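For what it's worth, the authors' numbering labels the leading residue of the sequence shown as 1, then goes sequentially.
Let me begin by presenting the structure, written as structure tokens, before commenting on it.
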Amino acid sequence: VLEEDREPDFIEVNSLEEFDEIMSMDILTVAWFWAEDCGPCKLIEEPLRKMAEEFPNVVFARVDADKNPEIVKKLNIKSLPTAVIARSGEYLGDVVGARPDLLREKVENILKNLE
């Protein structure tokens with residue numbers, strides 16, 4: 001039975017306030033930075049959608065760098081895509097560029113080793 005109402009691919013961030021609220025939570029969180037005219041960003045959309053399904057204990061949020069350049073500047077993001085890993089307002093690691101495998105490794109390692 002497949003009644004049709006689909007979960008978002010990511011938490012789609014709409015503001016800097018919302019960003020800061022998400023990243024403040026006591027939940028392992030991945031925020032990744034995307035743009036419509038960034039080829040490598042579009043390249044990793046499906047791997048990151050799958051990764052969010054693979055780790056339901058983790059929040060995956062997407063920032064649209066063209067809509068919310070203030071969040072890009074707040075973290076001094078220089079290359080797209082970038083992913084940042086956070087918990088309770090602290091930054092735990094980043095992956096610069098189109099490297100979903102490295103991101104998955106870093107998330108798996110944090111989950112494996114925490115209390």
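Beta carbons are placed, not taken as given, at the ideal position from N, Cα and C, and that holds for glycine.
By the criterion of at least three beta-carbon pairs nearer than 8 Å, the stretch 101-111 is in contact with the stretch 69-85. For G93, the enclosing beta strand (DSSP E) stretches over residues 90-96. When the five nearest sequence neighbours on each side are left out, no beta carbon in the same chain lies closer than 6 Å to the beta carbon of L2. The residue among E70, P69, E45 with its C-alpha nearest the C-alpha of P8 is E45. For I110, the enclosing alpha helix (DSSP H) begins and ends at 100-113.
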